[PDB]
Structures are given as structure tokens and as C-alpha cells.
$ cat start29.json   # JSON, C-alpha atoms
[["chain", "number", "residue", "atom", "x", "y", "z"],
["A", 1, "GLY", "CA", 86.85, 106.06, 97.36],
["A", 2, "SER", "CA", 89.41, 107.84, 99.53],
["A", 3, "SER", "CA", 91.81, 104.98, 98.79],
["A", 4, "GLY", "CA", 95.48, 105.92, 99.05],
["A", 5, "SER", "CA", 97.56, 108.60, 100.75],
["A", 6, "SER", "CA", 101.08, 109.81, 101.53],
["A", 7, "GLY", "CA", 103.05, 111.19, 104.46],
["A", 8, "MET", "CA", 106.47, 111.69, 106.03],
["A", 9, "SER", "CA", 105.79, 109.25, 108.87],
["A", 10, "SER", "CA", 107.26, 105.75, 108.70],
["A", 11, "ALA", "CA", 104.72, 104.61, 111.29],
["A", 12, "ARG", "CA", 101.25, 104.79, 109.74],
["A", 13, "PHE", "CA", 98.82, 102.46, 111.52],
["A", 14, "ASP", "CA", 95.87, 102.65, 113.91],
["A", 15, "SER", "CA", 96.79, 101.55, 117.43],
["A", 16, "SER", "CA", 93.17, 101.57, 118.60],
["A", 17, "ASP", "CA", 92.40, 99.12, 115.78],
["A", 18, "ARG", "CA", 92.81, 95.52, 116.94],
["A", 19, "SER", "CA", 91.64, 94.37, 113.51],
["A", 20, "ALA", "CA", 94.74, 96.13, 112.19],
["A", 21, "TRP", "CA", 97.38, 94.75, 114.56],
["A", 22, "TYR", "CA", 95.61, 92.35, 116.92],
["A", 23, "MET", "CA", 95.80, 88.88, 115.39],
["A", 24, "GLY", "CA", 93.86, 87.34, 118.26],
["A", 25, "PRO", "CA", 93.44, 83.90, 116.67],
["A", 26, "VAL", "CA", 97.12, 83.30, 115.87],
["A", 27, "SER", "CA", 99.80, 80.93, 117.14],
["A", 28, "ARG", "CA", 103.56, 81.42, 117.39],
["A", 29, "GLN", "CA", 104.19, 79.06, 114.47],
["A", 30, "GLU", "CA", 102.03, 81.36, 112.35],
["A", 31, "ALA", "CA", 102.89, 84.80, 113.71],
["A", 32, "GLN", "CA", 106.49, 83.83, 112.98],
["A", 33, "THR", "CA", 105.87, 83.02, 109.32],
["A", 34, "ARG", "CA", 104.09, 86.37, 109.14],
["A", 35, "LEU", "CA", 107.06, 88.29, 110.54],
["A", 36, "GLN", "CA", 109.69, 85.85, 109.27],
["A", 37, "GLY", "CA", 111.83, 87.67, 106.72],
["A", 38, "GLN", "CA", 109.26, 90.45, 106.51],
["A", 39, "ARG", "CA", 110.42, 94.07, 106.37],
["A", 40, "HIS", "CA", 112.05, 95.26, 109.59],
["A", 41, "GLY", "CA", 109.46, 96.93, 111.80],
["A", 42, "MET", "CA", 106.46, 94.67, 111.26],
["A", 43, "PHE", "CA", 104.63, 93.74, 114.46],
["A", 44, "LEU", "CA", 101.47, 92.05, 115.77],
["A", 45, "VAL", "CA", 99.65, 91.16, 118.99],
["A", 46, "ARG", "CA", 98.07, 87.74, 119.52],
["A", 47, "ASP", "CA", 96.63, 85.78, 122.44],
["A", 48, "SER", "CA", 99.47, 84.35, 124.52],
["A", 49, "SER", "CA", 99.56, 80.58, 125.05],
["A", 50, "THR", "CA", 102.19, 80.01, 127.73],
["A", 51, "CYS", "CA", 100.04, 82.05, 130.12],
["A", 52, "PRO", "CA", 96.26, 82.63, 130.09],
["A", 53, "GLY", "CA", 95.36, 86.26, 129.46],
["A", 54, "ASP", "CA", 98.87, 87.50, 128.70],
["A", 55, "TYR", "CA", 99.73, 88.59, 125.16],
["A", 56, "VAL", "CA", 102.69, 88.36, 122.78],
["A", 57, "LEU", "CA", 103.81, 91.24, 120.55],
["A", 58, "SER", "CA", 105.66, 89.51, 117.71],
["A", 59, "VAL", "CA", 107.96, 91.97, 115.95],
["A", 60, "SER", "CA", 110.24, 91.62, 112.93],
["A", 61, "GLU", "CA", 113.89, 92.56, 113.44],
["A", 62, "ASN", "CA", 117.41, 91.12, 113.21],
["A", 63, "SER", "CA", 116.24, 88.66, 110.55],
["A", 64, "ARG", "CA", 114.09, 87.17, 113.31],
["A", 65, "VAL", "CA", 110.82, 87.61, 115.20],
["A", 66, "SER", "CA", 111.27, 89.71, 118.35],
["A", 67, "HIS", "CA", 108.50, 88.40, 120.61],
["A", 68, "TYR", "CA", 107.69, 91.14, 123.11],
["A", 69, "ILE", "CA", 105.60, 89.57, 125.88],
["A", 70, "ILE", "CA", 103.02, 91.86, 127.48],
["A", 71, "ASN", "CA", 102.48, 91.15, 131.18],
["A", 72, "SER", "CA", 98.96, 91.71, 132.50],
["A", 73, "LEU", "CA", 99.04, 94.21, 135.36],
["A", 74, "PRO", "CA", 96.31, 94.10, 138.05],
["A", 75, "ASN", "CA", 95.80, 97.85, 137.65],
["A", 76, "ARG", "CA", 94.10, 97.29, 134.29],
["A", 77, "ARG", "CA", 97.43, 98.03, 132.61],
["A", 78, "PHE", "CA", 99.99, 96.25, 130.42],
["A", 79, "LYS", "CA", 103.70, 95.87, 131.14],
["A", 80, "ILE", "CA", 105.82, 95.07, 128.09],
["A", 81, "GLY", "CA", 109.25, 94.05, 129.36],
["A", 82, "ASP", "CA", 110.51, 96.77, 131.69],
["A", 83, "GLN", "CA", 107.96, 99.42, 130.74],
["A", 84, "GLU", "CA", 104.31, 100.19, 131.51],
["A", 85, "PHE", "CA", 101.48, 101.92, 129.65],
["A", 86, "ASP", "CA", 97.78, 102.75, 129.91],
["A", 87, "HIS", "CA", 96.84, 99.84, 127.64],
["A", 88, "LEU", "CA", 97.71, 97.86, 124.51],
["A", 89, "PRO", "CA", 96.93, 100.70, 122.06],
["A", 90, "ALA", "CA", 98.78, 102.97, 124.49],
["A", 91, "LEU", "CA", 102.17, 101.27, 124.31],
["A", 92, "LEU", "CA", 102.42, 100.67, 120.56],
["A", 93, "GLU", "CA", 101.82, 104.39, 119.97],
["A", 94, "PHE", "CA", 104.69, 105.19, 122.34],
["A", 95, "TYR", "CA", 107.02, 102.85, 120.47],
["A", 96, "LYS", "CA", 106.21, 104.35, 117.07],
["A", 97, "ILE", "CA", 109.06, 106.73, 117.91],
["A", 98, "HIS", "CA", 111.09, 104.76, 120.45],
["A", 99, "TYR", "CA", 113.35, 101.93, 119.30],
["A", 100, "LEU", "CA", 112.71, 98.66, 121.13],
["A", 101, "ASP", "CA", 116.09, 97.07, 120.45],
["A", 102, "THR", "CA", 117.51, 98.04, 117.06],
["A", 103, "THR", "CA", 114.35, 99.29, 115.34],
["A", 104, "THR", "CA", 110.86, 100.68, 115.97],
["A", 105, "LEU", "CA", 107.26, 99.70, 115.26],
["A", 106, "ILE", "CA", 106.40, 100.65, 111.68],
["A", 107, "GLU", "CA", 103.16, 98.86, 110.83],
["A", 108, "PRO", "CA", 101.21, 95.73, 111.86],
["A", 109, "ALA", "CA", 101.58, 92.57, 109.78],
["A", 110, "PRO", "CA", 99.06, 91.95, 106.96],
["A", 111, "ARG", "CA", 95.75, 90.23, 107.69]]
$ encode --input "start29.json" --output "C-alpha cells"
Amino acid sequence: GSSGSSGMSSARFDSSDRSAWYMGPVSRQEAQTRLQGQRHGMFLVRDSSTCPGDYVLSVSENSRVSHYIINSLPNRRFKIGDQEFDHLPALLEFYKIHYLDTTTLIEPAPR
């Protein structure tokens, strides 16, 4: 049971839930089709390819997929662009209110 709920918060997703946002096994070609045309706000984090270890936060905005690369800091931290946080699930929660470029993080793409 306990299926369904309401609230006055556009952003309603678990940041500490990789199985909710982390797509791990996902390539750009895919991630794109998942955030291509999708409602503005959709996002997801998959294993980066260009660089080993790094990640890529694919977001949906401007009728495109805003790929927000997440640099891997040596201090066990992540640096997304020109900002830094405690970890992956520590930056997405801080963006739930802040607008990256023209929008904010609403909810992670569907499985």
C-alpha cells in the first residue's frame, strides 16, 4: 500500500537513492533519448566515458540535454562545473532550489 501522495514541492525525489537517479549503466546516446524532449527539469547521473571515474549529470532543458559533468575531487568530493559539494547526493539536493542555467532539478528520469 502507501502508494501515492501530494505536496507543494516541485522537486520530489530521493538524492541518496542512486536507483532513483543514478543510471550507472547508461551511455550518452541513451541518456539523451531519456531526457530528449522530456519535461524540463528531468536529470540523471551515469558513469562518464570520456574520463574514467568522472560522472555526467544529464539534465533536460532548452529543448536539449544539459550535460553537467561532475569532476572527481581528490578530497572525496565532487565538483560540478564551478561548484563543490560533499558528494553526489549532496549537490543534487542543493540544486533542487537553485537554478543551474534556466531551470532547476525536478526529478530523475524514469528507469
$ closest_residue --input "start29.json" --among "A:106, A:45, A:35, A:51" --to "residue 17 of chain A" --atoms "all atoms listed in the file"
A:45
$ closest_residue --input "start29.json" --among "A:3, A:66, A:49, A:32" --to "residue 101 of chain A" --atoms "only C-alpha atoms"
A:66
$ closest_residue --input "start29.json" --among "A:28, A:40, A:96, A:34" --to "residue 12 of chain A" --atoms "only C-alpha atoms"
A:96
$ residues_around --input "start29.json" --residues "residue 25 of chain A" --least-positions-apart "4" --cutoff "10 Å" --atoms "all atoms listed in the file" --output "PyMOL selection string"
chain A and resi 30-31+45-48
$ atom_distance --input "start29.json" --atom1 "atom CA of residue 52 of chain A" --atom2 "atom CA of residue 14 of chain A"
25.7 Å
$ decode --input "start29.json" --residues "segment 83-94 of chain A" --atoms "N, CA and C atoms" --output "compact mmCIF listing (two decimals), in the first residue's frame"
# COMPACT_ATOMS: atom_id res chain seq x y z
N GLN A 83 31.24 24.66 -8.96
CA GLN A 83 30.76 24.49 -7.59
C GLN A 83 31.25 23.18 -6.99
N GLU A 84 31.21 23.09 -5.67
CA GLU A 84 31.65 21.88 -4.97
C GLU A 84 30.66 21.48 -3.89
N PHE A 85 30.57 20.19 -3.62
CA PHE A 85 29.66 19.67 -2.60
C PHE A 85 30.31 18.55 -1.80
N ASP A 86 29.56 17.99 -0.86
CA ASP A 86 30.07 16.90 -0.03
C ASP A 86 30.09 15.59 -0.80
N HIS A 87 29.17 15.45 -1.75
CA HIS A 87 29.08 14.24 -2.56
C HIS A 87 28.00 14.37 -3.63
N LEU A 88 27.77 13.29 -4.37
CA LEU A 88 26.76 13.29 -5.42
C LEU A 88 25.39 13.69 -4.87
N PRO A 89 24.89 12.90 -3.91
CA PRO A 89 23.59 13.16 -3.28
C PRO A 89 23.61 14.40 -2.39
N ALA A 90 24.69 15.16 -2.47
CA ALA A 90 24.83 16.38 -1.68
C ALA A 90 24.75 17.62 -2.56
N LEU A 91 24.90 17.43 -3.87
CA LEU A 91 24.84 18.53 -4.81
C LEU A 91 23.45 18.65 -5.44
N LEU A 92 22.86 17.50 -5.76
CA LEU A 92 21.53 17.47 -6.36
C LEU A 92 20.50 18.07 -5.42
N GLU A 93 20.69 17.85 -4.12
CA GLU A 93 19.77 18.37 -3.12
C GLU A 93 19.91 19.89 -2.98
N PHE A 94 21.08 20.40 -3.34
CA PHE A 94 21.34 21.83 -3.26
C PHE A 94 20.84 22.55 -4.51
